[PDB]
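Peer 1: Pasting a structure here, questions to come.
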Amino acid sequence: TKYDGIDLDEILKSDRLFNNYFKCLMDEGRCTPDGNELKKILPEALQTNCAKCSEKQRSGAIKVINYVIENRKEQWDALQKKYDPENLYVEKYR
Ligand SMILES: [Cl-]
Ligand SMILES: [Cl-]
């Protein structure tokens, strides 16, 4: 439920907090430790429904992904194009 010591829900609801992670994912800024872990698992999160991830990993990633699809739509388009070009998460797992 937390990334880098902050409640994930507070990160997602704050442009200031979320943009650090967004930029990390888009190779536009340095990653925090959990930002980096998210980056490593995000292709598997979207394309396989985090088949090989841990429970902690899966919970965090699915929370981020679904908040982003619902309420950060421009950032979703960018993340989807890079990490899930075939749109498997929306078509298979959402
Ligand atoms: Cl941590
Ligand atoms: Cl943490």
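For what it's worth, PDB author numbering labels the leading residue of the sequence shown as 7, then goes sequentially.
By construction, the Cβ of each residue, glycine as well, lies at the ideal position given by its N, Cα and C atoms.
1. Is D83 helix, strand or coil when you go by DSSP?
2. In or out: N26 buried (at least 16 other Cβ within 10 Å) or exposed?
3. First and last residue of the alpha helix (DSSP H) that includes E61?
4. Roughly how many angstroms separate the alpha carbons of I12 and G35, rounded to a whole number?
5. Among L14, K19, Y99, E92, whose alpha-carbon lies nearest the alpha-carbon of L44?
6. By the DSSP assignment, the alpha helix (DSSP H) with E97 in it spans what residues?
7. I want to check one thing, is the minimum distance from the CB of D40 to the heavy atoms of ligand 1 below 6 angstroms?
8. Rounded C-beta distance between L18 and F24? I'm assuming under 8 angstroms.
9. Around the C-beta of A51, are 16 or more other C-beta atoms found within 10 angstroms, so that it is buried, or is it exposed?
Peer 2: In terms of the structure at hand:
1. helix
2. buried
3. 61 to 77
4. 19 angstroms
5. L14
6. First-last for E97: undefined, no H or E at that position.
7. yes
8. 6 angstroms
9. buried
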